[PDB]
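This is entry18.cif (mmCIF, C-alpha atoms and all ligand atoms).
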```cif
data_start
loop_
_atom_site.group_PDB
_atom_site.id
_atom_site.type_symbol
_atom_site.label_atom_id
_atom_site.label_comp_id
_atom_site.auth_asym_id
_atom_site.auth_seq_id
_atom_site.Cartn_x
_atom_site.Cartn_y
_atom_site.Cartn_z
ATOM 1 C CA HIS A 1 5.923 1.816 -38.079
ATOM 2 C CA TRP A 2 7.370 1.717 -34.563
ATOM 3 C CA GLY A 3 6.720 -1.384 -32.439
ATOM 4 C CA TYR A 4 8.493 -4.033 -30.350
ATOM 5 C CA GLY A 5 9.736 -6.386 -33.128
ATOM 6 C CA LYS A 6 13.124 -7.357 -34.439
ATOM 7 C CA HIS A 7 13.527 -4.276 -36.697
ATOM 8 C CA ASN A 8 11.290 -1.566 -35.197
ATOM 9 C CA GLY A 9 11.713 -1.835 -31.436
ATOM 10 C CA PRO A 10 12.779 0.669 -28.759
ATOM 11 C CA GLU A 11 16.366 0.990 -29.927
ATOM 12 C CA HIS A 12 15.077 2.347 -33.293
ATOM 13 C CA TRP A 13 12.483 4.859 -31.985
ATOM 14 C CA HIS A 14 14.938 7.765 -31.835
ATOM 15 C CA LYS A 15 15.083 8.008 -35.691
ATOM 16 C CA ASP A 16 11.456 9.165 -35.883
ATOM 17 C CA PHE A 17 11.181 10.522 -32.297
ATOM 18 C CA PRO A 18 14.495 12.218 -31.345
ATOM 19 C CA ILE A 19 13.201 13.009 -27.803
ATOM 20 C CA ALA A 20 13.818 9.274 -27.185
ATOM 21 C CA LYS A 21 17.341 10.416 -26.237
ATOM 22 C CA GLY A 22 16.002 13.305 -24.092
ATOM 23 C CA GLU A 23 16.686 14.477 -20.522
ATOM 24 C CA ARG A 24 13.540 13.131 -18.829
ATOM 25 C CA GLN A 25 12.779 9.769 -20.466
ATOM 26 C CA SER A 26 10.856 6.874 -18.895
ATOM 27 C CA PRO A 27 10.923 4.213 -17.602
ATOM 28 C CA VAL A 28 13.885 4.241 -15.181
ATOM 29 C CA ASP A 29 15.456 1.859 -12.667
ATOM 30 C CA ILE A 30 14.415 2.725 -9.069
ATOM 31 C CA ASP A 31 17.453 2.282 -6.769
ATOM 32 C CA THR A 32 15.959 1.817 -3.291
ATOM 33 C CA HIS A 33 19.322 2.639 -1.720
ATOM 34 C CA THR A 34 19.457 6.147 -3.203
ATOM 35 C CA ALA A 35 15.776 7.207 -3.397
ATOM 36 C CA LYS A 36 15.310 9.537 -0.439
ATOM 37 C CA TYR A 37 12.262 9.889 1.828
ATOM 38 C CA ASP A 38 10.606 13.288 1.265
ATOM 39 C CA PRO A 39 8.555 14.502 4.267
ATOM 40 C CA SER A 40 7.007 17.230 2.129
ATOM 41 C CA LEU A 41 5.106 14.649 -0.003
ATOM 42 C CA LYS A 42 1.369 14.601 0.891
ATOM 43 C CA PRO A 43 -0.740 11.346 1.057
ATOM 44 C CA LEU A 44 -1.993 10.160 -2.325
ATOM 45 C CA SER A 45 -5.749 10.571 -2.940
ATOM 46 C CA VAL A 46 -7.210 8.041 -5.396
ATOM 47 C CA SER A 47 -10.896 8.916 -5.933
ATOM 48 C CA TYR A 48 -12.394 6.241 -8.230
ATOM 49 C CA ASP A 49 -15.893 5.721 -6.706
ATOM 50 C CA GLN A 50 -17.636 7.447 -9.636
ATOM 51 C CA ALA A 51 -15.523 6.038 -12.457
ATOM 52 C CA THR A 52 -17.302 5.368 -15.810
ATOM 53 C CA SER A 53 -15.487 2.860 -18.027
ATOM 54 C CA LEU A 54 -16.722 2.792 -21.657
ATOM 55 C CA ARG A 55 -14.745 0.545 -24.004
ATOM 56 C CA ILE A 56 -11.669 -1.658 -24.469
ATOM 57 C CA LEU A 57 -9.512 -1.302 -27.607
ATOM 58 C CA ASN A 58 -6.611 -3.317 -29.101
ATOM 59 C CA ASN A 59 -4.447 -0.528 -30.589
ATOM 60 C CA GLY A 60 -1.743 -2.837 -32.002
ATOM 61 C CA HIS A 61 0.711 -2.101 -29.178
ATOM 62 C CA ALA A 62 -1.346 -2.874 -26.022
ATOM 63 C CA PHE A 63 -5.061 -2.645 -25.103
ATOM 64 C CA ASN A 64 -6.640 0.423 -23.472
ATOM 65 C CA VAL A 65 -9.578 0.410 -21.065
ATOM 66 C CA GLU A 66 -11.133 3.840 -21.718
ATOM 67 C CA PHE A 67 -13.068 6.107 -19.319
ATOM 68 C CA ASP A 68 -15.462 9.049 -19.549
ATOM 69 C CA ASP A 69 -13.143 12.020 -18.771
ATOM 70 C CA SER A 70 -15.642 14.864 -19.563
ATOM 71 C CA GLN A 71 -16.324 15.403 -15.822
ATOM 72 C CA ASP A 72 -14.328 14.906 -12.566
ATOM 73 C CA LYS A 73 -15.495 11.266 -12.067
ATOM 74 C CA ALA A 74 -12.268 9.313 -11.402
ATOM 75 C CA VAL A 75 -9.463 11.577 -10.203
ATOM 76 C CA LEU A 76 -5.970 11.472 -8.697
ATOM 77 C CA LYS A 77 -4.793 14.248 -6.323
ATOM 78 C CA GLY A 78 -2.308 14.771 -3.513
ATOM 79 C CA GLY A 79 0.999 13.035 -3.338
ATOM 80 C CA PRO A 80 3.458 15.112 -5.377
ATOM 81 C CA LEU A 81 0.642 16.673 -7.394
ATOM 82 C CA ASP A 82 -0.877 20.154 -7.485
ATOM 83 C CA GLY A 83 -4.440 20.232 -8.715
ATOM 84 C CA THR A 84 -6.692 17.523 -10.075
ATOM 85 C CA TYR A 85 -5.904 14.810 -12.630
ATOM 86 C CA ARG A 86 -8.666 12.914 -14.480
ATOM 87 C CA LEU A 87 -8.429 9.201 -15.403
ATOM 88 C CA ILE A 88 -8.589 8.737 -19.226
ATOM 89 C CA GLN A 89 -7.434 5.111 -19.705
ATOM 90 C CA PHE A 90 -5.382 2.260 -18.274
ATOM 91 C CA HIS A 91 -3.245 -0.298 -20.070
ATOM 92 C CA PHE A 92 -0.503 -2.840 -19.350
ATOM 93 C CA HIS A 93 2.947 -3.858 -20.540
ATOM 94 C CA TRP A 94 3.951 -7.544 -20.208
ATOM 95 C CA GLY A 95 6.482 -10.187 -21.162
ATOM 96 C CA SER A 96 6.753 -13.467 -23.017
ATOM 97 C CA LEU A 97 8.170 -15.023 -19.795
ATOM 98 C CA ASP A 98 7.380 -14.324 -16.123
ATOM 99 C CA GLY A 99 10.899 -12.865 -15.495
ATOM 100 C CA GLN A 100 10.376 -9.830 -17.750
ATOM 101 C CA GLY A 101 7.574 -7.451 -18.793
ATOM 102 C CA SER A 102 7.741 -4.390 -16.524
ATOM 103 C CA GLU A 103 9.018 -1.030 -17.755
ATOM 104 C CA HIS A 104 10.218 0.357 -14.431
ATOM 105 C CA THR A 105 12.621 -1.885 -12.467
ATOM 106 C CA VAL A 106 13.429 -1.926 -8.721
ATOM 107 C CA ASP A 107 17.133 -2.451 -7.964
ATOM 108 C CA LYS A 108 17.249 -3.902 -11.537
ATOM 109 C CA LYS A 109 14.426 -6.422 -10.802
ATOM 110 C CA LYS A 110 11.959 -6.856 -13.652
ATOM 111 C CA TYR A 111 8.365 -7.768 -12.782
ATOM 112 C CA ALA A 112 6.121 -9.905 -15.035
ATOM 113 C CA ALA A 113 4.005 -6.862 -16.046
ATOM 114 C CA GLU A 114 3.185 -3.245 -15.225
ATOM 115 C CA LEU A 115 -0.196 -1.437 -15.095
ATOM 116 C CA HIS A 116 -0.359 2.250 -16.090
ATOM 117 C CA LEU A 117 -3.392 4.362 -14.991
ATOM 118 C CA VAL A 118 -3.130 7.537 -17.104
ATOM 119 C CA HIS A 119 -4.515 10.871 -15.845
ATOM 120 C CA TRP A 120 -4.459 14.405 -17.303
ATOM 121 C CA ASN A 121 -4.313 17.783 -15.480
ATOM 122 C CA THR A 122 -7.690 19.464 -15.705
ATOM 123 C CA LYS A 123 -6.091 22.953 -15.788
ATOM 124 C CA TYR A 124 -5.197 22.235 -19.492
ATOM 125 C CA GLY A 125 -8.775 21.408 -20.577
ATOM 126 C CA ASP A 126 -8.122 18.294 -22.737
ATOM 127 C CA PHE A 127 -5.614 15.435 -23.014
ATOM 128 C CA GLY A 128 -4.048 16.671 -26.273
ATOM 129 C CA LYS A 129 -3.238 20.093 -24.664
ATOM 130 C CA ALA A 130 -2.028 18.415 -21.425
ATOM 131 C CA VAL A 131 0.612 16.280 -23.182
ATOM 132 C CA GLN A 132 2.291 19.517 -24.376
ATOM 133 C CA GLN A 133 2.968 20.597 -20.743
ATOM 134 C CA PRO A 134 5.674 19.386 -18.305
ATOM 135 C CA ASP A 135 3.012 18.836 -15.590
ATOM 136 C CA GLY A 136 0.272 17.647 -17.942
ATOM 137 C CA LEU A 137 -0.055 13.971 -16.977
ATOM 138 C CA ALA A 138 0.101 11.833 -13.826
ATOM 139 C CA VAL A 139 0.642 8.093 -14.353
ATOM 140 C CA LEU A 140 0.056 5.654 -11.496
ATOM 141 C CA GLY A 141 2.269 2.609 -12.126
ATOM 142 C CA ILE A 142 1.631 -0.730 -10.437
ATOM 143 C CA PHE A 143 3.842 -3.839 -10.749
ATOM 144 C CA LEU A 144 2.385 -7.315 -11.388
ATOM 145 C CA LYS A 145 3.962 -10.558 -10.177
ATOM 146 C CA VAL A 146 2.720 -14.102 -10.985
ATOM 147 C CA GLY A 147 1.177 -15.909 -7.991
ATOM 148 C CA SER A 148 -2.414 -15.878 -6.791
ATOM 149 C CA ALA A 149 -5.172 -14.663 -9.129
ATOM 150 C CA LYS A 150 -6.330 -11.014 -8.995
ATOM 151 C CA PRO A 151 -10.149 -11.288 -8.869
ATOM 152 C CA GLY A 152 -10.599 -7.666 -9.940
ATOM 153 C CA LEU A 153 -8.663 -8.387 -13.214
ATOM 154 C CA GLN A 154 -10.792 -11.330 -14.420
ATOM 155 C CA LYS A 155 -13.412 -9.204 -16.237
ATOM 156 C CA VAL A 156 -10.545 -7.765 -18.341
ATOM 157 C CA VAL A 157 -9.091 -11.241 -19.027
ATOM 158 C CA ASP A 158 -12.461 -12.591 -20.167
ATOM 159 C CA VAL A 159 -13.049 -9.908 -22.839
ATOM 160 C CA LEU A 160 -9.651 -10.283 -24.515
ATOM 161 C CA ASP A 161 -10.869 -12.934 -26.981
ATOM 162 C CA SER A 162 -13.208 -10.355 -28.500
ATOM 163 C CA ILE A 163 -10.361 -7.912 -29.160
ATOM 164 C CA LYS A 164 -7.688 -10.327 -30.326
ATOM 165 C CA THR A 165 -6.377 -8.244 -33.257
ATOM 166 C CA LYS A 166 -5.335 -4.634 -33.927
ATOM 167 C CA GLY A 167 -8.268 -2.256 -34.378
ATOM 168 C CA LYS A 168 -10.880 -4.346 -32.556
ATOM 169 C CA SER A 169 -12.879 -2.835 -29.727
ATOM 170 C CA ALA A 170 -15.647 -3.974 -27.396
ATOM 171 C CA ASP A 171 -18.100 -2.339 -24.992
ATOM 172 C CA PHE A 172 -16.600 -2.352 -21.479
ATOM 173 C CA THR A 173 -18.931 -0.530 -19.038
ATOM 174 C CA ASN A 174 -19.147 -0.688 -15.251
ATOM 175 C CA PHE A 175 -15.550 -1.817 -14.610
ATOM 176 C CA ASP A 176 -14.148 -0.749 -11.232
ATOM 177 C CA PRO A 177 -10.411 0.106 -11.362
ATOM 178 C CA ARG A 178 -10.207 0.028 -7.511
ATOM 179 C CA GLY A 179 -9.996 -3.750 -7.867
ATOM 180 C CA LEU A 180 -6.516 -3.365 -9.464
ATOM 181 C CA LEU A 181 -4.929 -1.538 -6.472
ATOM 182 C CA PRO A 182 -2.642 -3.131 -3.814
ATOM 183 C CA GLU A 183 -3.261 -2.591 -0.065
ATOM 184 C CA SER A 184 -0.639 0.119 0.425
ATOM 185 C CA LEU A 185 -0.371 3.396 -1.496
ATOM 186 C CA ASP A 186 3.307 3.977 -0.540
ATOM 187 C CA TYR A 187 5.115 5.200 -3.661
ATOM 188 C CA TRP A 188 8.156 6.569 -5.441
ATOM 189 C CA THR A 189 7.869 9.640 -7.669
ATOM 190 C CA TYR A 190 9.976 11.351 -10.339
ATOM 191 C CA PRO A 191 9.453 13.532 -13.484
ATOM 192 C CA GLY A 192 9.474 11.655 -16.829
ATOM 193 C CA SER A 193 7.801 10.784 -20.113
ATOM 194 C CA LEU A 194 5.337 8.660 -22.018
ATOM 195 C CA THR A 195 6.943 5.243 -22.622
ATOM 196 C CA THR A 196 5.612 4.912 -26.213
ATOM 197 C CA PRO A 197 5.995 7.302 -29.177
ATOM 198 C CA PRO A 198 5.682 10.270 -29.169
ATOM 199 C CA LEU A 199 7.658 9.905 -25.860
ATOM 200 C CA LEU A 200 6.632 13.378 -24.635
ATOM 201 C CA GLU A 201 8.167 14.633 -21.352
ATOM 202 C CA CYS A 202 4.859 15.520 -19.687
ATOM 203 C CA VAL A 203 4.469 12.930 -16.878
ATOM 204 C CA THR A 204 4.693 13.004 -13.067
ATOM 205 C CA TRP A 205 5.301 9.286 -12.371
ATOM 206 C CA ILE A 206 3.869 7.734 -9.184
ATOM 207 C CA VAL A 207 5.086 4.115 -8.917
ATOM 208 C CA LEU A 208 3.594 2.015 -6.065
ATOM 209 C CA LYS A 209 6.008 0.020 -3.908
ATOM 210 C CA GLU A 210 3.632 -2.910 -3.376
ATOM 211 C CA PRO A 211 2.980 -5.170 -6.412
ATOM 212 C CA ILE A 212 -0.291 -6.933 -7.148
ATOM 213 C CA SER A 213 -0.387 -10.680 -7.859
ATOM 214 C CA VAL A 214 -2.059 -12.237 -10.941
ATOM 215 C CA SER A 215 -2.269 -15.918 -11.835
ATOM 216 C CA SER A 216 -0.334 -17.810 -14.532
ATOM 217 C CA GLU A 217 -3.677 -18.361 -16.315
ATOM 218 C CA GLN A 218 -4.449 -14.647 -16.358
ATOM 219 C CA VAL A 219 -1.049 -13.755 -17.851
ATOM 220 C CA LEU A 220 -1.306 -16.579 -20.403
ATOM 221 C CA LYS A 221 -4.479 -14.928 -21.770
ATOM 222 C CA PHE A 222 -2.673 -11.598 -22.186
ATOM 223 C CA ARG A 223 -0.061 -13.465 -24.250
ATOM 224 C CA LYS A 224 -2.762 -14.756 -26.697
ATOM 225 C CA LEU A 225 -3.456 -11.210 -27.961
ATOM 226 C CA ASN A 226 -2.086 -10.209 -31.396
ATOM 227 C CA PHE A 227 -0.114 -7.204 -32.635
ATOM 228 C CA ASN A 228 -1.407 -7.851 -36.172
ATOM 229 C CA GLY A 229 -4.768 -7.131 -37.737
ATOM 230 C CA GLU A 230 -7.391 -9.697 -38.625
ATOM 231 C CA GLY A 231 -6.451 -11.864 -41.615
ATOM 232 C CA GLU A 232 -2.748 -11.062 -41.266
ATOM 233 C CA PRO A 233 0.003 -13.502 -40.141
ATOM 234 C CA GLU A 234 -0.148 -13.991 -36.396
ATOM 235 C CA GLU A 235 2.312 -12.049 -34.217
ATOM 236 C CA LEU A 236 1.698 -12.585 -30.503
ATOM 237 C CA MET A 237 1.392 -9.388 -28.391
ATOM 238 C CA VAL A 238 4.216 -10.059 -25.932
ATOM 239 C CA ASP A 239 7.277 -8.081 -24.763
ATOM 240 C CA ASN A 240 5.532 -4.734 -25.332
ATOM 241 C CA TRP A 241 7.812 -2.925 -22.823
ATOM 242 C CA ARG A 242 10.487 -0.244 -23.172
ATOM 243 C CA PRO A 243 13.640 -0.863 -21.101
ATOM 244 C CA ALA A 244 14.999 1.508 -18.438
ATOM 245 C CA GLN A 245 16.406 4.838 -19.652
ATOM 246 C CA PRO A 246 19.168 7.044 -18.103
ATOM 247 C CA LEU A 247 18.107 8.916 -14.959
ATOM 248 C CA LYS A 248 20.266 11.953 -15.861
ATOM 249 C CA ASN A 249 19.639 15.057 -13.696
ATOM 250 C CA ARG A 250 16.678 13.612 -11.732
ATOM 251 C CA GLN A 251 16.023 12.427 -8.193
ATOM 252 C CA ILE A 252 13.554 9.720 -7.218
ATOM 253 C CA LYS A 253 11.687 10.584 -3.995
ATOM 254 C CA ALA A 254 9.983 8.126 -1.607
ATOM 255 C CA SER A 255 6.721 8.768 0.276
ATOM 256 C CA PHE A 256 7.742 6.314 3.014
ATOM 257 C CA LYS A 257 10.566 5.744 5.509
HETATM 258 ZN ZN ZN A 301 2.257 2.391 -20.418
#
```
Mind turning this structure into structure tokens?
Amino acid sequence: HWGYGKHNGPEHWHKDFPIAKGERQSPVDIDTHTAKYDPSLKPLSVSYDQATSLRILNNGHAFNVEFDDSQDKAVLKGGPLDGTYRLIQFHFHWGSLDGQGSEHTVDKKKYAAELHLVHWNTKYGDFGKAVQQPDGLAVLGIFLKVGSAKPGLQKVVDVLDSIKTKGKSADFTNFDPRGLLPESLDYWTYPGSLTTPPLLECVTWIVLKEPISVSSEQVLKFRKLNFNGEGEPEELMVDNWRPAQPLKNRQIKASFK
């Protein structure tokens, strides 16, 4: 019964998921004064022109926008990656207040939210086999700050009322994830983990330097979602982030000077 509440939050996850105290856990703090430029990194290739979104689901921890991943339609390549990684879903983590909500931090700065675009390595055939491999997933992480509205986010905002409670889903076709990207694709990269149970150490993280801006009204609608199911006492879906974990024997590399 893991979650983000008073008695089941991140500090308790290790009792059911001992890898929570592992060597390659995520998120981490990104220290911009020790991350080193790596000239061997190749430019990032984000290929989302043929993406096919299907559905949006409130899973009781966040909401997922799900894609058709049965063909190479929306893929991530280049950067630190070898091979081709297929987009399966995106989701967000956010706060109760604008000064918290991100999972990664930058020189200890917390952003209001963080977007995760989750991709799996096609050499492993399916997502469930990929998560068992150290190079199975690639997650593109994008910070959100509160300021101007993000036009490309509004179709997500407007469907949230239909998926207020745990277990609800809605059709969500023809959504273009390119409208969630910042101008620059400059990034930091390091090896890590899923940030929710089962916390598997299968992810190459690619965290963009440039945040996107969303409006106060857009974030306020995120904060009206519920962790609970229909007909249960209301528990607002806020503060669904894991804090920074020890870097241990890892280096964060920068794509940019
Ligand atoms: Zn996430």
>> Once the PyMOL selection byres (((chain A and resi 87-93) around 10) and not hetatm) has been evaluated on this model, what residues remain selected, and can you format them as JSON, numbers by chain?
In response: {"A": [47, 48, 51, 52, 53, 54, 55, 56, 57, 61, 62, 63, 64, 65, 66, 67, 68, 69, 70, 72, 73, 74, 75, 76, 85, 86, 94, 95, 100, 101, 102, 103, 112, 113, 114, 115, 116, 117, 118, 119, 120, 121, 127, 137, 138, 139, 140, 141, 142, 143, 144, 177, 222, 237, 238, 239, 240, 241, 242]}
If you keep C-alpha atoms, can you produce a file of those selected residues as a PDB file, keeping the file's coordinate frame?
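See again_39.pdb below for the written result:
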```
ATOM      1  CA  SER A  47     -10.896   8.916  -5.933  1.00  0.00           C
ATOM      2  CA  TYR A  48     -12.394   6.241  -8.230  1.00  0.00           C
ATOM      3  CA  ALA A  51     -15.523   6.038 -12.457  1.00  0.00           C
ATOM      4  CA  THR A  52     -17.302   5.368 -15.810  1.00  0.00           C
ATOM      5  CA  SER A  53     -15.487   2.860 -18.027  1.00  0.00           C
ATOM      6  CA  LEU A  54     -16.722   2.792 -21.657  1.00  0.00           C
ATOM      7  CA  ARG A  55     -14.745   0.545 -24.004  1.00  0.00           C
ATOM      8  CA  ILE A  56     -11.669  -1.658 -24.469  1.00  0.00           C
ATOM      9  CA  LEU A  57      -9.512  -1.302 -27.607  1.00  0.00           C
ATOM     10  CA  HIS A  61       0.711  -2.101 -29.178  1.00  0.00           C
ATOM     11  CA  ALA A  62      -1.346  -2.874 -26.022  1.00  0.00           C
ATOM     12  CA  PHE A  63      -5.061  -2.645 -25.103  1.00  0.00           C
ATOM     13  CA  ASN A  64      -6.640   0.423 -23.472  1.00  0.00           C
ATOM     14  CA  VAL A  65      -9.578   0.410 -21.065  1.00  0.00           C
ATOM     15  CA  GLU A  66     -11.133   3.840 -21.718  1.00  0.00           C
ATOM     16  CA  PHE A  67     -13.068   6.107 -19.319  1.00  0.00           C
ATOM     17  CA  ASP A  68     -15.462   9.049 -19.549  1.00  0.00           C
ATOM     18  CA  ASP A  69     -13.143  12.020 -18.771  1.00  0.00           C
ATOM     19  CA  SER A  70     -15.642  14.864 -19.563  1.00  0.00           C
ATOM     20  CA  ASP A  72     -14.328  14.906 -12.566  1.00  0.00           C
ATOM     21  CA  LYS A  73     -15.495  11.266 -12.067  1.00  0.00           C
ATOM     22  CA  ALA A  74     -12.268   9.313 -11.402  1.00  0.00           C
ATOM     23  CA  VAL A  75      -9.463  11.577 -10.203  1.00  0.00           C
ATOM     24  CA  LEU A  76      -5.970  11.472  -8.697  1.00  0.00           C
ATOM     25  CA  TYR A  85      -5.904  14.810 -12.630  1.00  0.00           C
ATOM     26  CA  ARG A  86      -8.666  12.914 -14.480  1.00  0.00           C
ATOM     27  CA  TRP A  94       3.951  -7.544 -20.208  1.00  0.00           C
ATOM     28  CA  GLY A  95       6.482 -10.187 -21.162  1.00  0.00           C
ATOM     29  CA  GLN A 100      10.376  -9.830 -17.750  1.00  0.00           C
ATOM     30  CA  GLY A 101       7.574  -7.451 -18.793  1.00  0.00           C
ATOM     31  CA  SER A 102       7.741  -4.390 -16.524  1.00  0.00           C
ATOM     32  CA  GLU A 103       9.018  -1.030 -17.755  1.00  0.00           C
ATOM     33  CA  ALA A 112       6.121  -9.905 -15.035  1.00  0.00           C
ATOM     34  CA  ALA A 113       4.005  -6.862 -16.046  1.00  0.00           C
ATOM     35  CA  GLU A 114       3.185  -3.245 -15.225  1.00  0.00           C
ATOM     36  CA  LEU A 115      -0.196  -1.437 -15.095  1.00  0.00           C
ATOM     37  CA  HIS A 116      -0.359   2.250 -16.090  1.00  0.00           C
ATOM     38  CA  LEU A 117      -3.392   4.362 -14.991  1.00  0.00           C
ATOM     39  CA  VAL A 118      -3.130   7.537 -17.104  1.00  0.00           C
ATOM     40  CA  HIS A 119      -4.515  10.871 -15.845  1.00  0.00           C
ATOM     41  CA  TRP A 120      -4.459  14.405 -17.303  1.00  0.00           C
ATOM     42  CA  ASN A 121      -4.313  17.783 -15.480  1.00  0.00           C
ATOM     43  CA  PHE A 127      -5.614  15.435 -23.014  1.00  0.00           C
ATOM     44  CA  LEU A 137      -0.055  13.971 -16.977  1.00  0.00           C
ATOM     45  CA  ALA A 138       0.101  11.833 -13.826  1.00  0.00           C
ATOM     46  CA  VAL A 139       0.642   8.093 -14.353  1.00  0.00           C
ATOM     47  CA  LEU A 140       0.056   5.654 -11.496  1.00  0.00           C
ATOM     48  CA  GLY A 141       2.269   2.609 -12.126  1.00  0.00           C
ATOM     49  CA  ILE A 142       1.631  -0.730 -10.437  1.00  0.00           C
ATOM     50  CA  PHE A 143       3.842  -3.839 -10.749  1.00  0.00           C
ATOM     51  CA  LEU A 144       2.385  -7.315 -11.388  1.00  0.00           C
ATOM     52  CA  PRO A 177     -10.411   0.106 -11.362  1.00  0.00           C
ATOM     53  CA  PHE A 222      -2.673 -11.598 -22.186  1.00  0.00           C
ATOM     54  CA  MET A 237       1.392  -9.388 -28.391  1.00  0.00           C
ATOM     55  CA  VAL A 238       4.216 -10.059 -25.932  1.00  0.00           C
ATOM     56  CA  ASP A 239       7.277  -8.081 -24.763  1.00  0.00           C
ATOM     57  CA  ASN A 240       5.532  -4.734 -25.332  1.00  0.00           C
ATOM     58  CA  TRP A 241       7.812  -2.925 -22.823  1.00  0.00           C
ATOM     59  CA  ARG A 242      10.487  -0.244 -23.172  1.00  0.00           C
TER      60      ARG A 242
END
```
>> Between atom CA of residue A:187 and atom CA of residue A:83, what distance in Å does the model show, to one decimal?
In response: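 Pair atom CA of residue A:187 / atom CA of residue A:83 returns 18.5 Å.
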Could you give me, as a short mmCIF file (atom, residue, chain, number, x, y, z; two decimals) with C-alpha atoms, keeping the file's coordinate frame, the residues within 9 Å of residue A:124, counting all atoms listed in the file and dropping anything in the same chain fewer than 6 positions from it?
```cif
data_model
loop_
_atom_site.label_atom_id
_atom_site.label_comp_id
_atom_site.auth_asym_id
_atom_site.auth_seq_id
_atom_site.Cartn_x
_atom_site.Cartn_y
_atom_site.Cartn_z
CA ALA A 130 -2.03 18.42 -21.42
CA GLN A 133 2.97 20.60 -20.74
CA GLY A 136 0.27 17.65 -17.94
#
```
> With distances taken over only C-alpha atoms and all ligand atoms, which of A:224, A:104, A:155, A:109 is nearest to ligand ZN 301 (chain A)?
Replying inline: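 Comparing A:224, A:104, A:155, A:109 against ligand ZN 301 (chain A), the winner is A:104.
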> For ligand ZN 301 (chain A), which residue among A:227, A:190, A:205, A:111 is the nearest when counting all atoms listed in the file?
Replying inline: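 Using all atoms listed in the file, ligand ZN 301 (chain A) sits closest to A:205.
Between atom CA of residue A:254 and atom CA of residue A:37 lies a distance of 4.5 Å.
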>> For a quick check of your reading of the model, name the residues lying within 8 Å of the coordinate (8.4, 7.0, -12.5), counting only C-alpha atoms, and write them as a PyMOL selection string.
In response: chain A and resi 26-28+104+141+188-192+204-207+252
Export, as a PDB file, in the coordinates of the input, the selected residues with C-alpha atoms.
```pdb
ATOM      1  CA  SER A  26      10.856   6.874 -18.895  1.00  0.00           C
ATOM      2  CA  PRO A  27      10.923   4.213 -17.602  1.00  0.00           C
ATOM      3  CA  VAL A  28      13.885   4.241 -15.181  1.00  0.00           C
ATOM      4  CA  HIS A 104      10.218   0.357 -14.431  1.00  0.00           C
ATOM      5  CA  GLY A 141       2.269   2.609 -12.126  1.00  0.00           C
ATOM      6  CA  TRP A 188       8.156   6.569  -5.441  1.00  0.00           C
ATOM      7  CA  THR A 189       7.869   9.640  -7.669  1.00  0.00           C
ATOM      8  CA  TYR A 190       9.976  11.351 -10.339  1.00  0.00           C
ATOM      9  CA  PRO A 191       9.453  13.532 -13.484  1.00  0.00           C
ATOM     10  CA  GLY A 192       9.474  11.655 -16.829  1.00  0.00           C
ATOM     11  CA  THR A 204       4.693  13.004 -13.067  1.00  0.00           C
ATOM     12  CA  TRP A 205       5.301   9.286 -12.371  1.00  0.00           C
ATOM     13  CA  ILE A 206       3.869   7.734  -9.184  1.00  0.00           C
ATOM     14  CA  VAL A 207       5.086   4.115  -8.917  1.00  0.00           C
ATOM     15  CA  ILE A 252      13.554   9.720  -7.218  1.00  0.00           C
TER      16      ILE A 252
END
```
If you take every atom of stretch 113-131 of chain A that the file lists and fit an axis-aligned box around them with 6 Å extra on each side, what centre and edge lengths come out in Å to one decimal, as lines of an AutoDock Vina configuration file?
```
center_x = -2.4
center_y = 8.0
center_z = -20.6
size_x = 24.8
size_y = 41.8
size_z = 23.3
```
> Mind pulling up the distance from atom CA of residue A:154 to atom CA of residue A:218?
Replying inline: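 For atom CA of residue A:218 relative to atom CA of residue A:154, the distance reads 7.4 Å.
The smallest atom-to-atom distance between ligand ZN 301 (chain A) and any of A:194, A:216, A:253, A:58, using only C-alpha atoms and all ligand atoms, is found for A:194.
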Contacts of residue A:199 at 8 Å or less, counting all atoms listed in the file, minus same-chain residues fewer than 3 places along, as a PDB file with C-alpha atoms, in the frame of the given file?
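The result, stored in out.pdb:
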```pdb
ATOM      1  CA  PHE A  17      11.181  10.522 -32.297  1.00  0.00           C
ATOM      2  CA  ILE A  19      13.201  13.009 -27.803  1.00  0.00           C
ATOM      3  CA  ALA A  20      13.818   9.274 -27.185  1.00  0.00           C
ATOM      4  CA  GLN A  25      12.779   9.769 -20.466  1.00  0.00           C
ATOM      5  CA  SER A 193       7.801  10.784 -20.113  1.00  0.00           C
ATOM      6  CA  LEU A 194       5.337   8.660 -22.018  1.00  0.00           C
ATOM      7  CA  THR A 195       6.943   5.243 -22.622  1.00  0.00           C
ATOM      8  CA  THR A 196       5.612   4.912 -26.213  1.00  0.00           C
TER       9      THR A 196
END
```
>> What would the selection look like, as a PyMOL selection string, if the PyMOL selection byres (((chain A and resi 29) around 8) and not hetatm) were run on the coordinates I just shared?
In response: chain A and resi 27-28+30-31+104-108+244-245+247
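Ranking A:208, A:214, A:131, A:44 by their shortest atom-to-atom distance to residue A:153, with all atoms listed in the file included, puts A:214 first.
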> Residues picked by the PyMOL selection byres (((chain A and resi 164) around 10) and not hetatm) here, as a PyMOL selection string?
Replying inline: chain A and resi 57-58+60+63+159-163+165-169+222+224-230+236-237
> Of the candidates A:8, A:197, A:246, A:220, which one gets nearest to ligand ZN 301 (chain A) if we count only C-alpha atoms and all ligand atoms?
Replying inline: A:197
> Using only C-alpha atoms and all ligand atoms, which of the listed residues (A:23, A:148, A:179, A:203) sits closest to ligand ZN 301 (chain A)?
Replying inline: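 Smallest distance to ligand ZN 301 (chain A) is found for A:203.
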